[PDB]
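A.B. asks:
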Amino acid sequence: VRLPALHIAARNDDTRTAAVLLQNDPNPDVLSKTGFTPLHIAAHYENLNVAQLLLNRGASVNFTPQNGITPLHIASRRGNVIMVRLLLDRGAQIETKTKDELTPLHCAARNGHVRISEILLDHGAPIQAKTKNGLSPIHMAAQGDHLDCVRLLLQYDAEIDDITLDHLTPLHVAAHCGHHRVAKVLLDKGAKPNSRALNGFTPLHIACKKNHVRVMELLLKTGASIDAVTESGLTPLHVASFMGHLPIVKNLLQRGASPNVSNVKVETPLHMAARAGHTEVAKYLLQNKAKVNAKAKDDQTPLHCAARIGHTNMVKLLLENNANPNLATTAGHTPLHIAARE
Amino acid sequence: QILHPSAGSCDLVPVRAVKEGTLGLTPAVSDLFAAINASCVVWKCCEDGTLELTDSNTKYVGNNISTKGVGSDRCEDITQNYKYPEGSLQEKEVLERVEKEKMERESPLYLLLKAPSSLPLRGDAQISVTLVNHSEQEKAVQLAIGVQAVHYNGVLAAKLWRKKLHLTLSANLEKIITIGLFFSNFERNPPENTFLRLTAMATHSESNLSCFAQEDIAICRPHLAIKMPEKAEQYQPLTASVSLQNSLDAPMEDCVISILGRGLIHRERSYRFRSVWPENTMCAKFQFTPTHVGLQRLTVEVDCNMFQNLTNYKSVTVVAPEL
Amino acid sequence: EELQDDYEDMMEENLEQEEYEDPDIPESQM
Amino acid sequence: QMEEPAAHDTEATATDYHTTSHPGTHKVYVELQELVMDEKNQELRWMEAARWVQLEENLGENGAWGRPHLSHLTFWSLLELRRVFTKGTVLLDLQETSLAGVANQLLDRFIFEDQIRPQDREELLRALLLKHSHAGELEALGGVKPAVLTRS
Amino acid sequence: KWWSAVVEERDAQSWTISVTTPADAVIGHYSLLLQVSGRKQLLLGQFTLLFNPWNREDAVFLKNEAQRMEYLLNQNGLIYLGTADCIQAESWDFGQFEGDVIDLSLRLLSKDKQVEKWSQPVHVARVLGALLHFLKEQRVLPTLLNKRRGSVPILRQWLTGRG
Numbered sequence: 172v173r174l175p176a177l178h179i180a181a182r183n184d185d186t187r188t189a190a191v192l193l194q195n196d197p198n199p200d201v202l203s204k205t206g207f208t209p210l211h212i213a214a215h216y217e218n219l220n221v222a223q224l225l226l227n228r229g230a231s232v233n234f235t236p237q238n239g240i241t242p243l244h245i246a247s248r249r250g251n252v253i254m255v256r257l258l259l260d261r262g263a264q265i266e267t268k269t270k271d272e273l274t275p276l277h278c279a280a281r282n283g284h285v286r287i288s289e290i291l292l293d294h295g296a297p298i299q300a301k302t303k304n305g306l307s308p309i310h311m312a313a314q315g316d317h318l319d320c321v322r323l324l325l326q327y328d329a330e331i332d333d334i335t336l337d338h339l340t341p342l343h344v345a346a347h348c349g350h351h352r353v354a355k356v357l358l359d360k361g362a363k364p365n366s367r368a369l370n371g372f373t374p375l376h377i378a379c380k381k382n383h384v385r386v387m388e389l390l391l392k393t394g395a396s397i398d399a400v401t402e403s404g405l406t407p408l409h410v411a412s413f414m415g416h417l418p419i420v421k422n423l424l425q426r427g428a429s430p431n432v433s434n435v436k437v438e439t440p441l442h443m444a445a446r447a448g449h450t451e452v453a454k455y456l457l458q459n460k461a462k463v464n465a466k467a468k469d470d471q472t473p474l475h476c477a478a479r480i481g482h483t484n485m486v487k488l489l490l491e492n493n494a495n496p497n498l499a500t501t502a503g504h505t506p507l508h509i510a511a512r513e
Numbered sequence: 347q348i349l350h351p352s353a361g362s363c364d365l366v367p368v369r370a371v372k373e374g375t376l377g378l379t380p381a382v383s384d385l386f387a388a389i390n391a392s393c394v395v396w397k398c399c400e401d402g403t404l405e406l407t408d409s410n411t412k413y414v415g416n417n418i419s420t421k422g423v424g425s426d427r428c429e430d431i432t433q434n435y436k437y438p439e440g441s442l443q444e445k446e447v448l449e450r451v452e453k454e455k456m457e458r459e473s474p475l476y477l478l479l480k481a482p483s484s485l486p487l488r489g490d491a492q493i494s495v496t497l498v499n500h501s502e503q504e505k506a507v508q509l510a511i512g513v514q515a516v517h518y519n520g521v522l523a524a525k526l527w528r529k530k531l532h533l534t535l536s537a538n539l540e541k542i543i544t545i546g547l548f549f550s551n552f553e554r555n556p557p558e559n560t561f562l563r564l565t566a567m568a569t570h571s572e573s574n575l576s577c578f579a580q581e582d583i584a585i586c587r588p589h590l591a592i593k594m595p596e597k598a599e600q601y602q603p604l605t606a607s608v609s610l611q612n613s614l615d616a617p618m619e620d621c622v623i624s625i626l627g628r629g630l631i632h633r634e635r636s637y638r639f640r641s642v643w644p645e646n647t648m649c650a651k652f653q654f655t656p657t658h659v660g661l662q663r664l665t666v667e668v669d670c671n672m673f674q675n676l677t678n679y680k681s682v683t684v685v686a687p688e689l
Numbered sequence: 002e003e004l005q006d007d008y009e010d011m012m013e014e015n016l017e018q019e020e021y022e023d024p025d026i027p028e029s030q031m
Numbered sequence: 030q031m032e033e034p035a036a037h038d039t040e041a042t043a044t045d046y047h048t049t050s051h052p053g054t055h056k057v058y059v060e061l062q063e064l065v066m067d068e069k070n071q072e073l074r075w076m077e078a079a080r081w082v083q084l085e086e087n088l089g090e091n092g093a094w095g096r097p098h099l100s101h102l103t104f105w106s107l108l109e110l111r112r113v114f115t116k117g118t119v120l121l122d123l124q125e126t127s128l129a130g131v132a133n134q135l136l137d138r139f140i141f142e143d144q145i146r147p148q149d150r151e152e153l154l155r156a157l158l159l160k161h162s163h164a165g166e167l168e169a170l171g172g173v174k175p176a177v178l179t180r181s
Numbered sequence: 088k089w090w091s092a093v094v095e096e097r098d099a100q101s102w103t104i105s106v107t108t109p110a111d112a113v114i115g116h117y118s119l120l121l122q123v124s125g126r127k128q129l130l131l132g133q134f135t136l137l138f139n140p141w142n143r144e145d146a147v148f149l150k151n152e153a154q155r156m157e158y159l160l161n162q163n164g165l166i167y168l169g170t171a172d173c174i175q176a177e178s179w180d181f182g183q184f185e186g187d188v189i190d191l192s193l194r195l196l197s198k199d200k201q202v203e204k205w206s207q208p209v210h211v212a213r214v215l216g217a218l219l220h221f222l223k224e225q226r227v228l229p230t241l242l243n244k245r246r247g248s249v250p251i252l253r254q255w256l257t258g259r260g
C-alpha cells in the first residue's frame with residue numbers, strides 16, 4: 172500500500188536515493204498500482220533534477236497509462252512551465268489524447284496556464300482538437316473564467332464560434348457559468364450573440380436562466396435578440412419568470428420585452444410565475460402589462476396554475492389585481508375545483 | 347494573502370476568506386469584503402434642500418481584479434479568486450450569510479446610458495442615452511448630462527461639461543438621443559491622472575424620482591510604438607525605433623523622450639526631439655549595446671506640453687555571444 | 002503527517018485523475 | 030526612424046539613482062596602463078606602465094620595476110586633468126562586472142555627452158577590448174614600443 | 088535540517104565546508120564565528136539570511152519555478168491602472184535587488200522588537216505593511242510631480258527624507 176521507492180524519491184526530488192535505486196534496479200519506468208511512472212510524479216511536483224535523472228536513465232517521456240495521462244498532460248495541467256519545456260525538449264508528443272480525448276493544450280487551457288498554452292501552440296499543438304463531448308481548448312478556457320487564455324487562443328486563430336456536441340459555443344459556456352468578462356472578450360472579438368443550442372437556447376436564454384445579470388446586459392448591449400424563442404417558444408422572460416430571477420425580469424421589462432408572449436403550450440410569462448410561485452415576479456409582470464385572466468392550453472388562467480400548486484400569496488395577488496375565479500377550463504374546472512382536488 | 351493596513362496595524366487576509374465572506378477569521382475580512390461587494394445608492398440634491406432617492410443603474414464594484422501574468426507581460430484576471438459570479442447561487446449564499454451575521458450583530475421611465483470606454487486626449491466621442499416611456503401618457507422629461515473629472519480615489523476634481531435637454535416621449539415609445547462628447551466643449555481641461563465621470567439624470571413632471579445612470583471614462587493618450595528586435599546579442603549594438611502619431615488638436619512642444627531599462631541603459635538618457643505638428647508622426651531611433659544577458663525590458667517615456675509621463679515598454683531577450 | 006503522500010491512495014488523490022477527464026456538458030432541462 | 034534625437038542634460042530624476050548605502054573605507058591599488066605596440070607581431074595591446082601601492086613604481090624597458098618614489102606631478106598634467114574633468118563623462122555605481130560591459134556603457138555615455146562621434150565608437154571599443162598584458166609577458170613579447178590608435 | 092556544518096572536501100591547507108540553516112531560521116544580518124578549542128572567538132565573515140520560496144519546508148514555499156521567477160526574481164513589474172473597461176499597464180521597476188533595498192528593508196524591520204518572530208513570514212509581512220503604511224501617511228504630500246522611477250526611489254525617500 173506504499174508507493175515504489177523510485178516514486179517516493181521522485182516526490183522528494185531525492186536524486187541520491189534515485190541514483191542508488193537506479194544503480195540497483197535499472198528500470199526507471201517502474202509502475203505503481205495506479206499505473207503511473209516516477210516521471211509522472213516528478214512532472215506533478217515539478218522535481219526537475221529527478222526528472223532529468225530519470226530521463227537520462229531511459230524513462231519513457233511519452234509513457235501512456237491506461238487512462239492516457241502522459242507526463243506532458245500532468246505538467247500542462249499543473250502549470251509546470253519548466254517541466255513542460257524539459258519534456259518537450261526530450262521528445263514529448265504534443266497531440267497525445269487521454270481517455271476522454273484531452274490534449275495537453277486542453278489541460279493547460281482548462282486551468283488557464285497562458286505561458287504553457289503558448290509554448291504548446293508554438294510547438295504545434297492542435298488548437299481545434301476536441302474532447303469526447305466536442306470541447307475545444309477555448310471551451311475549457313471559457314468554462315474556467317481564464318480571460319487571458321481565451322484572449323491568447325483567440326490570438327492564435329481559435330474558432331470563436333466552435334460548437335460542442337450539444338451545439339454550445341464558448342459564448343454559451345460563458346453565459347452558463349456567468350463569466351461576463353469572457354463573454355465581453357468573445358463578443359468584442361466577433362462571437363455571434365444569437366447562436367442556437369440543441370434546444371434553440373441563445374446565450375441570452377442561458378443568462379436569463381441562471382440569474383447572470385451582467386452577462387445579460389453585455390449580450391443585450393452587443394445586439395442579442397430580446398424576443399428570441401426556442402424550439403418550444405420560450406422567450407428570455409419565460410425563462411426568467413419561471414426561474415424567479417426578479418433582477419432579470421425587471422431588466423427585461425425595463426428594456427421593452429413583451430410580458431404577453433406565448434409558447435407552444437400557449438403559456439405566458441405570468442403563467443410560469445404562477446406555476447413556480449414567484450409572487451414578486453408575477454407582481455412585476457402585472458404592474459407592467461400582463462393579462463391576469465389570460466388563457467392557455469385547456470383554457471387555463473394563471474389562477475388555475477397558482478391554485479394547483481397551492482400557493483395562496485400568488486392566488487391572493489392574482490385575485491386582488493384582476494383575476495376572476497369563475498373562469499373555467501375546457502373540462503369545466505374553476506380554480507376552486509383544482510384547489511379542492513389537491 | 348492580502349496586506350490590509352488599518353490607518361496603525363496591518364492584517365494578512367487569506368483571499369479565500371474574502372471570497373467566502375469568512376468574516377471573523379481575521380479582523381480585516383469585513384472591510385475587504387465590503388470593498389468588492391457594496392451597493393451604490395444615488396441621492397439627488399434638490400435646490401430646495403430635500404434629498405431624494407434616484408432610480409439608478411447598478412454600479413458594480415470589484416471589477417477586473419488584475420495582476421501581471423506569469424512568464425509574460427500579459428495581464429491576468431484573478432477576480433474569480435475574490436468573488437463568485439454575479440447572480441450565482443454561491444454568491445447568493447455568501448451574501449445572505451453575511452447579511453445574517455451583520456443583522457444578528459446589529473419608475474415609469476427607464477434610462478439607458480451608452481458610453482465609450484475611453485475618450486481620446488483632446489479628442490471626440492459619442493454617447494447615447496436611451497429613454498423608454500412606460501406610461502400611457504406622454505411625458506415632459508428634463509434630461510441632464512454632466513461630465514466631471516475624478517481622481518483615482520474618487521475625489522471630485524473639476525466640473526468639465528453640463529448639458530440640459532428638454533424632450534417629449536410618446537407613450538410606450540423608446541427614444542435614442544446621441545450626444546457628442548468633445549474636449550473642446552469642456553469648461554476647463556481635466557486635471558492630470560484624472561478620469562471622466564459621465565452622468566445622465568432624467569426627471570419628468572412631478573414624479574419625485576429621477577432616472578440616473580453613470581459611467582467612468584478613461585482619457586486615452588496617443589500610442590507610443592516601440593520597434594525593437596525580439597532577441598539581441600550581448601555586447602553588440604541594438605537599435606530601437608520609437609514612433610508617436612500626434613492625434614491632438616495642437617502641436618506637441620517642449621518634447622523630451624527618455625529611455626531607461628535595467629540591463630540595457632545605465633540610469634536614464636533623455637533627448638529632445640523636434641516639435642510635432644498635428645496629424646504628423648515623431649520617429650526617433652535609439653542605439654544602445656545590451657550588456658547583461660537575460661530577459662530585459664526597454665522603457666520609453668515622452669513628455670511634451672500636451673501630455674507628460676506617457677510611458678510604453680518593450681521586452682528584449684539578450685543572449686550570450688556565440689562561443 | 003509528512004509521510005501520508007508516500008501511500009498509493011494519497012498519491013492517487015493527489016494526482017487528481019478526475020481533472021484529466023471531460024466531466025459533463027450540463028443542460029438542466031427546464 | 031529618422032528624427033536624430035538631441036541629448037537633453039536633465040537632472041530631474043538624478044536623485045532617483047542615489048543610493049542610501051554608505052561606502053566602506055578601502056585602500057587602493059592603482060595600475061596605469063598605456064597603449065603600446067609589440068615588435069613581435071605589430072599588434073596593439075595595453076602594457077603596464079606604473080603602479081601605486083604606497084609609492085609609485087614605474088616599469089622600465091627591461092621588465093624590471095624601478096625604485097619606488099613619491100609621486101611628483103607636472104603642472105601641465107594638472108591643468109589638463111582639470112580641463113578634461115570639467116567636461117568628463119562619469120558613470121557612477123555602474124552595474125557591470127566585465128570590461129566589455131563597462132566599455133560598451135562608457136562609449137554610449139561618451140556619445141550621449143557629445144564627447145566622441147558615433148564613427149569613433151567602433152575603433153574606441155576595439156582599442157578598449159585589446160589584450161591587457163602585464164610586466165611578466167613583456168620579456169616574452171620581445172620588447173614594447175609606444176603606439177597611437179589610428180582609424181583603419 | 089538545523090544549523091550544521093560538514094567538511095565536504097579538504098586538502099592539507101583548506102577545508103571546504105557545507106553549512107546549513109533551519110527552514111524556520113530568523114532572517115536578517117548574521118555573523119559566522121569560529122571557536123577553536125582553547126582560543127578566543129574568530130569572526131569568519133558576514134552573511135544575510137532570507138526566506139526561501141524554493142525549500143518545501145519553508146512557509147513561503149512556491150510550487151512552480153515559473154511562479155518563483157515571477158513573484159520573487161523579477162524586478163520588471165506592471166502596475167495596472169485606469170478604469171475597468173480601459174486598463175492601462177504601467178511599467179514598474181520593483182528593484183528589490185538594488186544594493187541598498189535589502190539593508191533598508193532590514194533596517195525598517197529592526198523597528199520591530201520581536202526579533203524572535205522574524206522567522207515567521209506572517210509577522211514580518213504585517214510589521215512592514217504597517218510601517219510602510221505609516222511612512223506613506225507621513226511622507227506623501229497633498230497636490241515633474243507625477244514622474245516615477247519605480248519603488249526604490251520612493252522607499253529611499255520614505256526612509257531617509259531625501260529625494
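The listed protein sequences derive, respectively, from chains A, B, C, D and E.
Heads up, the first sequence stops at 513 in the deposited numbering, and the numbers go up one at a time, no gaps.
The second sequence maps to residues 347 to 353, 361 to 459, 473 to 689 in the deposited numbering.
Heads up, the third sequence stops at 31 in the deposited numbering, and the numbers go up one at a time, no gaps.
Heads up, the fourth sequence stops at 181 in the deposited numbering, and the numbers go up one at a time, no gaps.
The fifth sequence maps to residues 88 to 230, 241 to 260 in the deposited numbering.
Beta carbons are placed, not taken as given, at the ideal position from N, Cα and C, and that holds for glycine.
Assuming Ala263 (chain A) contacts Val285 (chain A) (C-beta within less than 8 Å), just tell me the rounded distance between them.
C.D. replies: At roughly 19 Å, the Cβ-Cβ gap does not stay under 8 Å, so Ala263 (chain A) and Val285 (chain A) are not in contact.
A.B. asks: Alpha helix (DSSP H) containing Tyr601 (chain B): first to last residue?
C.D. replies: Taken as a continuous stretch (DSSP letters only), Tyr601 (chain B) belongs to no alpha helix (DSSP H), as it is neither H nor E.
A.B. asks: Any beta carbon from chain A within less than 8 Å of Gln18 (chain C)'s own beta carbon?
C.D. replies: Yes, its Cβ sits closer than 8 Å to a Cβ of chain A.
A.B. asks: Please classify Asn142 (chain E) as buried or exposed, where buried requires at least 16 neighbouring CB atoms within 10 angstroms.
C.D. replies: Its Cβ having fewer than 16 others within 10 Å, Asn142 (chain E) is exposed.
A.B. asks: Could you work out which residue in E:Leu131, E:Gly115, E:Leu196 is closest to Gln122 (chain E) when comparing CA atoms only?
C.D. replies: Checked all of E:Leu131, E:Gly115, E:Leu196; the closest Cα to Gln122 (chain E) is E:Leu131.
A.B. asks: Determine which residues of the region 240–258 of chain A have a Cβ less than 9 Å from any Cβ of chain E, and write them out in chain order.
C.D. replies: Residues passing the 9 Å Cβ filter: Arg249, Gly250, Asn251, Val252, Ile253, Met254.
A.B. asks: Taking CB distances under 8 Å as the criterion, tell me whether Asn243 (chain E) reaches chain A.
C.D. replies: So, not an interface residue.
A.B. asks: For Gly115 (chain E), name the three-state secondary structure that DSSP assigns.
C.D. replies: Three-state result, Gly115 (chain E): strand.
A.B. asks: Tell me, please, which residues DSSP counts as bridged to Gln611 (chain B).
C.D. replies: According to DSSP, which records beta bridges pairwise, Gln611 (chain B) is partnered with B:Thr647.
A.B. asks: Against chain E, with Cβ distances strictly below 8 Å, would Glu217 (chain A) count as a contact?
C.D. replies: It does; some Cβ of chain E falls within 8 Å.
A.B. asks: Please report the Cβ distance between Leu490 (chain A) and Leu474 (chain A), rounded to the nearest whole angstrom; I am assuming they are in contact, meaning their Cβ atoms lie under 8 Å.
C.D. replies: Correct: roughly 7 Å between the Cβ atoms.
A.B. asks: Would you list the one or two residues that DSSP bridges to residue 357 (chain B)?
C.D. replies: In the structure shown, chain B runs from 353 directly to 361, leaving residue 357 (chain B) without coordinates.
A.B. asks: Just tell me which of D:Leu88, D:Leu61, D:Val59, D:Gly53 has its CA closest to the CA of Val173 (chain D).
C.D. replies: Measuring from the Cα of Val173 (chain D), the nearest candidate turns out to be D:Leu88.
A.B. asks: Go ahead and pull the three-state DSSP assignment for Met311 (chain A).
C.D. replies: In the structure shown, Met311 (chain A) sits in a helix (DSSP, three-state: H, G or I).
A.B. asks: For the region 172–202 of chain A, which residues have a CB atom closer than 8 Å to at least one CB atom of chain C, in sequence order?
C.D. replies: The region 172–202 of chain A vs chain C, Cβ under 8 Å: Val172, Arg173, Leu174, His178, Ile179, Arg182.
A.B. asks: Taking the alpha-carbon of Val131 (chain D) as reference, which of B:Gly402, B:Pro656, B:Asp620, B:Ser536 has the nearest alpha-carbon?
C.D. replies: For the residues B:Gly402, B:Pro656, B:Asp620, B:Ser536, the minimum Cα distance to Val131 (chain D) belongs to B:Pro656.
A.B. asks: Along the region 143–154 of chain E, what residues have a CB closer than 9 Å to any CB found in chain A?
C.D. replies: Cβ contacts with chain A: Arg143, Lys150, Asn151, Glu152, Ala153, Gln154.
A.B. asks: In chain order, what residues of the region 178–208 of chain E put their CB closer than 7 Å to some CB of chain D?
C.D. replies: Taking 7 Å as the Cβ-Cβ cut-off against chain D, the residues of the region 178–208 of chain E that qualify are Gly186, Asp187, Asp190, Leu191.
A.B. asks: Within the same chain, show all residues whose beta-carbon is closer than 7 Å to that of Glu86 (chain D), passing over the 5 residues directly before and after it, in chain order.
C.D. replies: Same-chain partners within the cutoff: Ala79, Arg80, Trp94, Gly95, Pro97.
A.B. asks: So which residues of chain E does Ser419 (chain B) contact, with C-beta pairs closer than 7 Å?
C.D. replies: Going along chain E in sequence order, the residues near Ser419 (chain B) (Cβ under 7 Å) are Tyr167, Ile174.
A.B. asks: Excluding sequence positions up to five away, which residues of its chain have a Cβ less than 6 Å from the Cβ of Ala591 (chain B)?
C.D. replies: These residues qualify, in order along the chain: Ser609.
A.B. asks: Taking only runs that begin and end inside the region 384–414 of chain B, name each unbroken alpha helix (DSSP H) of 4 or more residues, in chain order.
C.D. replies: With a minimum length of 4 residues, no continuous alpha helix (DSSP H) run stays inside the region 384–414 of chain B.
A.B. asks: Is there contact here, the region 410–421 of chain B with the region 391–403 of chain A, by at least three beta-carbon pairs under 8 Å?
C.D. replies: Judged by Cβ distances under 8 Å, the region 410–421 of chain B makes no contact with the region 391–403 of chain A, as fewer than three pairs qualify.
A.B. asks: Specify the secondary structure class of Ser494 (chain B) as computed by DSSP and reduced to three states.
C.D. replies: In this structure, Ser494 (chain B) counts as strand in the three-state DSSP scheme.
A.B. asks: Between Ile265 (chain A) and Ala296 (chain A), is the Cβ-Cβ spacing less than 8 Å?
C.D. replies: Taking 8 Å as the Cβ cut-off, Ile265 (chain A) and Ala296 (chain A) qualify as a contacting pair.
A.B. asks: Helix, strand or coil: how does DSSP classify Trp89 (chain E) here?
C.D. replies: DSSP places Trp89 (chain E) in coil when its eight states are reduced to three.
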